[PDB]
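**Q** Before I ask anything, let me first share the structure, which is written out below as structure tokens.
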DNA sequence: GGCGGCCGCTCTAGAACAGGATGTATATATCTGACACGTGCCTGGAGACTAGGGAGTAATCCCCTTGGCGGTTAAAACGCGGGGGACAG
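In the UniProt record's numbering, the protein residues as written are 33 to 123.
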């Protein structure tokens with residue numbers, strides 16, 4: 033069977049930000065579980081946000097609101113700016 | 001001639017300082033065991049298409065929160081007495 037994993041994307045992100053450092057199997061498993069847990073948290077927050085105002089869809093504003101609700105401080109603003117840059121580069 | 005005051009002497013102890021002790025910080029030697037590259041796939045997302053439906057926007061409406069007052073008696077605040085408790089020892 034095939035199991036979905038986030039190892040290679042995290043690895044190439046690491047090579048982008050720090051090409052002189054490697055990673056282990058346990059460190060990869062911690063990072064995979066962390067990114068998966070953040071995925072469920074942000075996706076559930078967006079689902080609840082859609083359910084509150086009778087919204088049948090989840091847009092980028094759902095993810096931005098979930099990020100500002102979950103991430104505290106300047107981390108939320110930096111993530112919002114990165115998402116806005118990615119959205120503008122997408123279109 | 002006796003006694004209080006003064007200064008030197010020895011006793012005692014706080015503390016800076018140097019030496020021993022033992023568990024870690026490193027310098028190689030070498031094992032070693034997953035790390036990442038390569039290969040071979042192949043299974044899930046992307047181009048493209050069909051269709052439609054829920055929100056973007058406009059309009060209404062009516063509703064409900066903000067400003068803005070006097071009044072009046074509940075209470076915040078200042079201060080005096082004092083009292084029991086936080087903390088040094």
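All C-beta atoms in this analysis are idealised placements derived from N, C-alpha and C, irrespective of residue type, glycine included.
What does a CB cutoff of less than 7 Å around residue 73 pick up in its chain, not counting 5 residues either side in sequence?
**A** These residues qualify, in order along the chain: 102.
**Q** Beta-carbon within less than 8 Å of residue 112's beta-carbon, same chain only, minus the 5 sequence neighbours each way: which residues are those?
**A** Cβ neighbours of residue 112 beyond the five flanking positions: 96, 99 and 100.
**Q** Enumerate in chain order the residues of its own chain whose CB-to-CB distance from residue 43 is below 7 Å, with the five nearest sequence positions on each side excluded.
**A** Hits under 7 Å: 55.
**Q** Please classify residue 114 as buried or exposed, where buried requires at least 16 neighbouring CB atoms within 10 angstroms.
**A** The residue is exposed, with fewer than 16 neighbouring Cβ atoms inside 10 Å.
**Q** Around the C-beta of residue 59, are 16 or more other C-beta atoms found within 10 angstroms, so that it is buried, or is it exposed?
**A** Exposed, because fewer than 16 other Cβ atoms sit within 10 Å of the Cβ of residue 59.
**Q** What is the DSSP secondary structure of residue 47, counted as helix, strand or coil?
**A** Helix, per DSSP.
**Q** For residue 86, report the span of its alpha helix (DSSP H) as first-last.
**A** It is not in any alpha helix (DSSP H) - residue 86 carries neither H nor E in the DSSP assignment.
**Q** If the criterion is Cβ atoms closer than 8 Å, does the pair residue 94 and residue 107 meet it?
**A** No; because the gap between Cβ atoms is not below 8 Å, this pair is not in contact.
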